[PDB]
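In the deposited numbering, the protein residues as written are 1 to 31.
What follows is the structure, given as C-alpha coordinates:
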(Lines of atoms letter the chains of each structure in order from A and count residues from 1; the text may use other names and numbers.)
(Lines give C-alpha, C1' and ligand atoms only; values in the text may rest on other atoms or scores of the structure.)
Protein backbone atom coordinates (compact mmCIF):
# COMPACT_ATOMS: atom_id res chain seq x y z
CA UNK A 1 0.00 0.00 0.00
CA UNK A 2 0.96 3.73 0.09
CA UNK A 3 1.75 3.51 3.86
CA UNK A 4 -0.35 1.70 5.09
CA UNK A 5 -3.06 3.04 2.83
CA UNK A 6 -4.21 6.72 3.30
CA UNK A 7 -7.83 5.43 3.02
CA UNK A 8 -7.31 2.71 5.72
CA UNK A 9 -5.48 5.14 8.04
CA UNK A 10 -8.46 7.63 8.06
CA UNK A 11 -10.94 4.68 8.41
CA UNK A 12 -9.10 3.59 11.65
CA UNK A 13 -7.18 6.60 13.15
CA UNK A 14 -7.93 10.35 13.56
CA UNK A 15 -6.13 13.70 13.23
CA UNK A 16 -3.13 14.60 11.00
CA UNK A 17 -0.35 13.19 13.28
CA UNK A 18 -2.29 10.04 14.28
CA UNK A 19 -2.98 9.33 10.58
CA UNK A 20 0.75 10.17 9.88
CA UNK A 21 1.78 7.56 12.51
CA UNK A 22 -0.38 5.02 10.58
CA UNK A 23 1.46 6.10 7.35
CA UNK A 24 4.74 5.01 9.12
CA UNK A 25 3.67 2.09 11.38
CA UNK A 26 0.32 0.66 9.99
CA UNK A 27 -1.34 1.46 13.41
CA UNK A 28 -2.84 4.35 15.38
CA UNK A 29 -0.60 6.58 17.57
CA UNK A 30 0.00 5.67 21.29
CA UNK A 31 -0.93 7.85 24.36
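Note that CB positions come from ideal geometry on N, CA and C, so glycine has one too.
Helix, strand or coil at residue i according to DSSP, with G and I counted as helix
i	result
residue 16	helix
residue 6	helix
residue 1	coil
residue 24	helix
CB contact flag (residue i, residue j, <7 angstroms)
i	j	result
residue 28	residue 18	yes
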